[PDB]
């Protein structure tokens, strides 16, 4: 019948369909397997890499502890022995003396006649008695102790450095990439009432450069007379804040953030303690962070544009190379709590090599 033949036709068709789907299914199941294996292979490689390094550190430390502990036991042993032997010998000396004293005292309570007869050699023996042993510190104790001090010194230096790099890396782990920092962009302007008197400003207060000696803003108390500096608006009490500055081919500058209450007097250094968290460009290919002492930074691709990121939650301030989309430097967490604001210096003219302005730029 027509309907049976037709149904057989459709059965064949559907069989083909189903078989193609099944084949796709197998390929897919297999590929999932391949990807899983590939993932675990990656993780295992990483695992083994970390495992070697830790194993190596632990080995050296076990060695260090072993030897130090042996050194302690050794010196302890020596000093114990010398102490005991000396105490015993000098006590033998005093005992001998005590007996001779006893004898002479015993000669008293004798009659003259008895005395002359029984005097014996006591006087000679008294006259020739050894002087009790003088304590003299042996060199062996002194060197073993000095070795211990040296190893202690090594330990303090090495563990200090380790503690510091570890903390550095620990803090580095939550610093955002550039786009994350950029999410918190704010609009910053220059507060010209704070400026060093020879600074010159664009009409939009986004740009600042250093003028010559006869180019002077009107004097006022709010100016930083003694530092080539200018502050930015707004201030910050909280949250995450970001801005960007075009530095171009300048040879010198200062960028970062400061406490709003920094002293306007010039006898203070730029440092966290005085309320500054900045990066300074000294000259071409010389950058340093204003840590104490300052940390020199090697930046493979010099920045044409620098990003500044304040994060109040963790109390950290980070710097980004916008040009190369890379991290420059982050100041230690819990540096600050009170209000902050941006700070700028376009540096000195450097003969004419550094006359270009700094420019605050929108993201």
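Positions refer to the first chain, counted from 1.
Student: I need to verify one thing: averaged over C-alpha atoms only, is the B-factor higher for 123 to 131 or for 268 to 276?
Tutor: Comparing averages over the C-alpha atoms only gives 123 to 131.
Student: Taking the mean of the C-alpha B-factors per stretch from the entry, tell me the winner out of 85 to 93 and 207 to 215.
Tutor: Comparing 85 to 93 with 207 to 215, the higher average CA B-factor belongs to 85 to 93.
Student: Among 12, 24, 341, 348, where is the Cα B factor highest in this entry?
Tutor: Of 12, 24, 341, 348, 12 has the highest C-alpha B-factor.
Student: Between 300, 29, 41, 47, which one tops the list for Cα B-factor in this entry?
Tutor: That would be 300, according to the entry.
Student: Please place residue 317 in the lowest, middle or highest third of its chain according to the CA B-factor in the PDB entry.
Tutor: Its C-alpha B-factor belongs to the lowest third of this chain's values.
Student: By its CA B factor, does residue 105 count among the lowest, middle or highest third of the modelled residues in the chain?
Tutor: Highest third, going by the recorded CA B-factors of the chain.
Student: For residue 248, return the chain-relative third of its C-alpha B-factor as stated in the PDB record: lowest, middle or highest.
Tutor: CA B-factor rank for residue 248: middle third.
Student: If you rank the chain by CA B-factor, which third does residue 197 end up in: lowest, middle or highest?
Tutor: Lowest third, going by the recorded CA B-factors of the chain.
Student: Pull the Cα B-factor of residue 17 out of the PDB entry and bin it into the chain's lowest, middle or highest third.
Tutor: Lowest third of the chain for residue 17's C-alpha B-factor.
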